[PDB]
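Asks: Right, I'll just put the structure down here and ask away after.
A short reminder: the numbers here are calculations on the coordinates, not readings from a lab. Reconstructed Cβ throughout: ideal geometry from the backbone, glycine too, with neighbour counts over all protein chains shown.
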Amino acid sequence: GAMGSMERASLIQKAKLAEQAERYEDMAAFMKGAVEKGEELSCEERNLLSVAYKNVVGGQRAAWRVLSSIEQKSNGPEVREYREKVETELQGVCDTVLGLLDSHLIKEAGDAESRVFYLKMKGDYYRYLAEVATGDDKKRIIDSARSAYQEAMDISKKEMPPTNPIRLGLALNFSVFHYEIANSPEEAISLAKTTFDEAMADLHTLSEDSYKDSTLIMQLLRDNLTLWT
Amino acid sequence: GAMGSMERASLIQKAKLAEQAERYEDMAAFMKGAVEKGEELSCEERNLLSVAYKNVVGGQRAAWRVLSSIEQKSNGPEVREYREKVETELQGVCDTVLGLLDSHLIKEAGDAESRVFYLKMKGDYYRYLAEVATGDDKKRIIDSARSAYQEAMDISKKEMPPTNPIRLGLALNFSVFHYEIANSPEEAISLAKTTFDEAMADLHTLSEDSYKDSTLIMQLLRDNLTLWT
Amino acid sequence: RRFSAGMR
Amino acid sequence: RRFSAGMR
Ligand SMILES: N=C(N)c1cc(-c2ccccc2)c(CNC(=O)c2ccc3cc[nH]c3c2)s1
Ligand SMILES: N=C(N)c1cc(-c2ccccc2)c(CNC(=O)c2ccc3cc[nH]c3c2)s1
Ligand SMILES: [Cl-]
Ligand SMILES: [Cl-]
Ligand SMILES: [Mg+2]
Ligand SMILES: [Mg+2]
């Protein structure tokens with residue numbers, strides 16, 4: 001890898017600088033290099049990895065949606081060609097992230113906090129693959145996302161309180177999966193509502209700072225329920 | 001070039017799609033490919049080239065400023081190294097644009113509208129080089145920017161009305177050059193004020209649409225004068 | 001547009 | 001921050 005000659009600590013330091021500079025492709029490359037050093041990642045480091053690739057794939061997804069809309073209205077080869085170019089680049093980013101999770105972040109994650117984080121990410125990047133999928137692998141892509149999300153949910157329910165922000169963000173994203181990928185809007189609504197209500201009943205156990213963390217994500221669940229009902 | 005096998009018309013079409021998708025690196029690559037076909041560029045095409053590289057170099061410049069500020073406060077090698085990485089990439093973009101202008105947009109531009117546009121761009125990209133320059137070439141970089149801007153001003157004063165938006169944006173940017181690159185704040189203020197006042201006295205000749213074009217840029221001159229006085 | 005975790 | 005033409 002092009003980051004193989006850089007110290008792990010220097011890659012983490014530069015990922016943080018890239019974040020401040022809004023240089024998210026650089027941030028992702030640095031965090032990919034850090035992962036490939038082979039050591040487990042800390043909570044802060046997991047967050048840096050997630051933020052970097054969230055921003056990279058987020059720009060690609062937003063571009064793909066613009067182009068797909070234009071392509072739909074048009075229905076020369078240029079619009080299809082350019083949508084395909086963006087799609088292929090997006091798929092490549094998703095494959096890279098899934099490859100980091102499979103080689104070997106997930107198997108070495110021997111804490112619920114780390115394992116749930118990575119399994120949520122696996123569901124997220126299969127979900128992004130599913131958003132653009134159409135051919136003979138779409139159904140398998142969807143099932144791979146569902147399986148990763150479900151294993152993460154099972155662990156999080158056993159090992160984390162209902163206000164834990166990783167658990168809340170997992171349930172939020174699994175609900176979005178149900179609503180717009182799996183065509184299961186009632187599952188999506190049920191999951192968001194149960195997650196919201198169980199977190200509410202646990203808020204009394206929290207410090208002021210944890211309360212702010214949890215209620216921030218609860219608000220996203222609430223806004224989705226308002227949109228969907 | 002990687003765009004050598006694509007039709008000129010397809011490159012222009014894809015540059016417009018990339019703009020809609022906010023994919024400005026792609027937009028710049030497509031417009032670089034169109035330029036390298038060797039035909040002169042239309043007004044719309046010149047604008048597409050300018051917008052693409054404006055956005056690419058703009059992100060690099062904003063990142064460089066963040067990193068340079070952090071580096072200044074710090075005064076390990078990581079901050080300097082990463083600022084240098086961004087700086088080198090920025091310089092490479094500027095060199096690419098200047099190379100397109102020199103090979104051969106400017107020499108083939110045989111209309112005041114096209115020649116002033118390109119000479120303004122030449123001043124702009126030498127200015128961006130000057131923003132990061134420090135060594136034995138900084139003074140020559142500044143003089144190259146000044147020379148390009150001055151030739152563009154001379155042509156624009158002879159051949160364009162004082163409300164022409166290319167002329168106005170040229171004078172705006174040359175005033176910024178004077179203020180923050182050449183350490184000539186009184187030249188900067190004088191130029192912005194004379195440009196603003198001569199455009200105001202020409203507004204009566206304009207249609208409603210041209211009036212909107214011109215007054216938009218006049219407002220930028222006014223806001224700078226308010227900041228500088 | 002619905003929210004997912006990454007866009008908070 | 002001062003304006004240049006590109007940022008209108
Ligand atoms: N550079 C960054 N962007 C971050 C660095 C760290 C960091 C820094 C030091 C130690 C540990 C982590 C972050 C930590 N955020 C969480 O744990 C957390 C908390 C609440 C919510 C709600 C939705 N998501 C959440 C994540 S984000
Ligand atoms: N895709 C884009 N972004 C653009 C496409 C075209 C275009 C489209 C069709 C024909 C010719 C040009 C643009 C044209 N703008 C000007 O000529 C102009 C006018 C006023 C001001 C004020 C500051 N700058 C200005 C530039 S911008
Ligand atoms: Cl393409
Ligand atoms: Cl670096
Ligand atoms: Mg080492
Ligand atoms: Mg041809």
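Asks: Could you pull the copy-to-copy label distances for B:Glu25, with points set 7 Å along Cα to Cβ, in nm to one decimal and sorted shortest first?
Replies: Result for B:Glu25, in nm, nearest copy first: 0.1.
Asks: What is the sum of charges around A:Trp64, taking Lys and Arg as +1, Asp and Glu as -1, for the other residues whose C-beta is under 9 Å from the C-beta of A:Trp64?
Replies: Within the 9 Å Cβ shell, the charges total +1.
Asks: Could you work out how far apart the two model spin labels at B:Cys43 and A:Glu84 are, taking each label as a point 7 Å from the Cα in the direction of the beta carbon, and quote it in nm?
Replies: So the label points at B:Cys43 and A:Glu84 sit 3.6 nm apart.
Asks: With Cβ to Cβ distances under 13 Å as the rule, what net charge do the other residues near B:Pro77 carry (K, R +1; D, E -1)?
Replies: After counting each charged neighbour, the total is -1.
Asks: Shifting gears a bit: Before rounding to the nearest 500, sum -39500 (n - 2.57) across all DSSP H runs of length at least 4 in chain A and divide by the residue total; then give [θ] at 222 nm in deg cm²/dmol.
Replies: Helix-only estimate at 222 nm: -26500 deg cm²/dmol.
Asks: Also, quick follow-up: Please list 3J(HN,Hα) in residue order for the stretch A:46-54, calculated via the Karplus relation 6.51 cos²θ - 1.76 cosθ + 1.60 where θ = phi - 60°; whole Hz, with x for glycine and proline.
Replies: Here the 3J(HN,Hα) series is 4, 5, 5, 4, 4, 4, 4, 6, 3 Hz.
Asks: Would you report the distance distribution of C-alpha pairs in the stretch B:8-229 as whole percents per 5 angstrom bin, up to the bin with the largest distance?
Replies: 1, 7, 13, 16, 18, 18, 14, 8, 3, 1, 0, 0, 0
Asks: Starting from a label point 7 Å past Cα on the Cβ side, list the distances from A:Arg8 to the same position in the other copies, nm, shortest first.
Replies: When each copy's label point is compared with this one, the spacings are 5.6 nm.
Asks: Also: Placing +1 at every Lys and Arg Cβ and -1 at every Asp and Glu Cβ, with all other atoms neutral, what dipole size does the stretch A:8-229 have around its Cα centre, in debye to the nearest 20?
Replies: 240 debye
Asks: Over 23 Å between Cα atoms, which of A:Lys32/A:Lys139; B:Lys32/B:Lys122; A:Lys122/A:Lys158; B:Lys85/B:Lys107; A:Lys107/A:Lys138; B:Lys37/B:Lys157 qualify?
Replies: From the list (A:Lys32/A:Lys139; B:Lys32/B:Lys122; A:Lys122/A:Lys158; B:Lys85/B:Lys107; A:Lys107/A:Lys138; B:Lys37/B:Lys157), the Cα-Cα distance tops 23 Å for A:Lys32/A:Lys139; B:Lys85/B:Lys107; A:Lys107/A:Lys138; B:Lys37/B:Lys157.
Asks: Quick one: label points 7 angstrom along Cα→Cβ at A:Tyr211, distances to the other copies in nm, smallest first?
Replies: 5.8
Asks: Given the rotation that superposes chain A on chain B, what residue of A brings its beta carbon nearest the axis, and what is the distance in Å?
Replies: Axis-proximal residue of A, distance in whole Å: A:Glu25, 5.
Asks: Here's a follow-up. Counting alpha carbon pairs within less than 8 Å and at least 6 residues apart, what relative contact order, in whole percent, applies to the stretch B:156-229?
Replies: Relative contact order comes out at 35 percent.
Asks: Another one. On average, how many beta carbons from a partner chain sit within 10 Å of the beta carbon of a residue in B:78-85?
Replies: For peptide B:78-85, the averaged partner shielding equals 4.
Asks: Please go through the stretch A:122-229 and write out the trypsin sites (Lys or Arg not before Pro) that DSSP classes as loop and that have at most 14 other C-beta atoms within 10 Å.
Replies: Filter output for the stretch A:122-229: empty list.
Asks: Quick one: net charge of B:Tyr126's neighbours, Cβ under 13 Å, K/R +1, D/E -1?
Replies: Within the 13 Å Cβ shell, the charges total 0.
Asks: Here is a follow-up. Output wanted: per-residue J couplings in Hz (rounded whole) for the stretch B:130-142, from phi through Karplus 6.51 cos²θ - 1.76 cosθ + 1.60, θ = phi - 60°, x for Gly and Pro.
Replies: Calculated HN-Hα couplings, in order: 5, 4, 10, 7, 9, x, 5, 10, 4, 5, 5, 4, 4 Hz.
Asks: Taking the simple approach of a point 7 Å from Cα along Cα-to-Cβ for both A:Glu208 and A:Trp228, what is their distance in nm?
Replies: According to this spin-label approximation, the distance is 3.4 nm.
Asks: Please list 3J(HN,Hα) in residue order for the stretch C:2-7, calculated via the Karplus relation 6.51 cos²θ - 1.76 cosθ + 1.60 where θ = phi - 60°; whole Hz, with x for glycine and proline.
Replies: So the J values, rounded to whole Hz, are 4, 8, 10, 5, x, 9.
Asks: For the stretch B:170-229 and the stretch A:108-185, what is the centre-to-centre distance using only Cα atoms, to the nearest Å?
Replies: Their Cα centres are 54 Å away from one another.
Asks: Can you return the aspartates and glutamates within cross-link range of A:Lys193? Criterion is Cα-Cα under 19 Å, with same-chain partners fewer than 8 residues away left out.
Replies: Cα-Cα hits under 19 Å: A:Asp154, A:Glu180, A:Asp202, A:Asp213, A:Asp223.
Asks: I would also like to ask the following. Which whole-angstrom value gives the distance between the alpha carbon centres of the stretch B:1-18 and the stretch A:9-67?
Replies: Cα centres, the stretch B:1-18 to the stretch A:9-67: 30 Å.
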